[PDB]
Each structure stands twice: as C-alpha cells, then as structure tokens.
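Shown next as structure tokens: one chain only, the form deposited in one PDB entry.
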C-alpha cells in the first residue's frame, strides 16, 4: 500500500532481535531460508513498519517486523507509515517475547538438603550434587545452600516438643531464604529440596515445606544419585485393597519400596484392619522421575479421602516408601483440615519393631 518505510542495517538488526525473527501478525518464522541452508536476505523476507500512524513513531521499540504478505494487507501512506494504529497488538507481541526470554530468571532457587545424623555420616549428600541436578533443570542458586541435620533426640525421645523444634528449625531457615526475592517481578525464590532421614522425620520436613509454593523435590537414588533415573518413565499403577470391616484400629500400609508383612503390623497394633496402597513390583529404585512422586500423592489423597470418611478415629500408618515419597506425604497433610494420623516406624535398635513415633493432627 503506497509508500515504504526505510531502515538502515543497524535498525533492522534491532527489530529482528526484539521480535525473535517472526512476523508479528501471523507468527511465521522469517529465518526459514537460514534453516534450509539458503543465504539470508534479511531485507527481502521481511518488511519493517512503524506500528503507529505518523515523535517516537520511528523509535526502534515502535517499529514492527512483518512478512511481505502481511505487509501488503496494511494500508500505508506515501511515507510507509500505517494508516491504522497497530501499537496495541505490537506492544502485546513484544511483551510475550520478553516474558519467554526472561523465563530463565524464573529459576532462582534455594538449595535445601536435610539429613539424619546417621545418613549424614553414612551417605552424605554434598551441596555440589544437588546444585548440578538443579542446574540441569534450570534451577539457579544465588547463595550458599542450606544443609541441615536433624538434632539427635535427648532422653525424652522424639516427643511433641522435639517435633515442634524440628519444624521451627526448618521453617526459620526457609523463611529467611524466601525473603530473598528477585528476578523480573520480585518473586520469592523456588525451593529445591532433598531429604535422607527416617520416614517420620521426612514427613515432618513435608509438614514444614508444604505444597503451596514453587517447590521441586529431588531424590537420592542408589544408582543414579541426585539425577533422575529416567525422565520418560511412566508412573506405576498404585493398587489399593480396602480395609476389612470391624471395630479394630484402622491401619494404612504403604508397600511401595517393599512388601510389608501383615504380622509385623498386627504385632505392633493388635486388631489392625489393614488397608494397603502398593505398586505391582515394589522396589527401592521406583522413583524414576518427579512425576512418580506427583502420581503417588494423587493416588494417596484419593484413598485418604475414602479412609478419613470411614471413621473419626486415627489412621495408623505403616510405610515402606522411598524418602522423596515420605516428604510428599507430610506436605499433603498441611491443609486447614486435619485428620489424626499416628505414624509407626521400625526401630532399628529394637529388632526393627514398628513403633509409634509421630502424631499429625488438629
């Protein structure tokens, strides 16, 4: 349409970069020639047009990149300016490109390693291993990682005070690091967390971090370490057997890492009515990727909704589950609603007898 707008080569380079080399009206990639091995004729495969009718109309930011076909459908005056205003559409297009181009700063993250004193001695997880696993997924620490070890219990054992001090220790550290807002919008950083400790302690870590913020669990794997064994693996089916009817105490057995024998459960809890969540082939190596953790939580909560409806009384939990799953179990039970859960764990200093160690509830 009538005239054409003139641009020097420097202006062309600027407009091509801020648009990512696509037509702003149809989205066609105007670098097709290069992708094909043909030389780029930058000034032939694109037209540059001011977005507004004819004193910043020529400022680079108010200049548009269009393919020739879309440029030909634009009515223009003898100077190459549009007759109708496309400023809104153009500024919107630039905004979508910037949001995508700035997405890497959405990775700002706090590293957090939590261990028992025992696994810290036998199987220390250094910050370096968490950082490289974080980096490969786009999660970017900006300061020193938090590396915590759960305090050893005194004579009173792991009583309510012990567990409340654990939760305060973890949350004090997290909140200080979650004040370190940054990036394009001032968002709090993401949390990148790995745990290796007894299952009740790991559930208390889940109680501490919750599941209502940008948070990514990582997992320590005997063979693959902090790297995910297989990003393309599909989560397994989580099989459920419902509890028999009766008045005995309700028990939830989680047979994920291994098959828990019923006799060990009824030894610790006489009269137990066992409901069980299992997978077809229990294995210590089952946490192939993060989706497995998400799938476990989804299946678990579906069944806890059924079990909590069955009775007002506590649900007694006997879990053989991987560490990353134990954290997600704790984080799931952080709504306002609180059913009473009594967590049993095997005491390795008392011939692996299931022992009640933790209570979650109102």
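Residue numbers count along the first chain shown, from 1. Throughout, rigid core stands for the largest set of C-alpha atoms superposing within 1.5 Å between the two forms.
Just so it is clear, the following notes concern the form deposited in another entry, a form of the same protein that is not shown.
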**Prompt:** Rigid core as reference, CA moved 2 Å or more between this form and the one not shown - which of 300, 331, 315, 48?
**Reply:** 48
**Request:** Could you check whether the CA atom of residue 216 moves 2 Å or more between this form and the one not shown, using the rigid core for the fit?
**Result:** no
**Item:** C-alpha of residue 200 moved at least 2 Å between this form and the one not shown on rigid core
**Value:** no
**Asked** residue 177: CA shift of at least 2 Å between this form and the one not shown after core fit?
**Response** yes
**Asked** Would one find the Cα atoms of residue 171 and residue 342 closer or farther in the other form than in this form, where their distance changes by 3 Å or more?
**Response** closer
**Asked** Given that the CA-CA distance for residue 212 and residue 295 shifts by 3 Å or more in the other form, does it become closer or farther?
**Response** farther
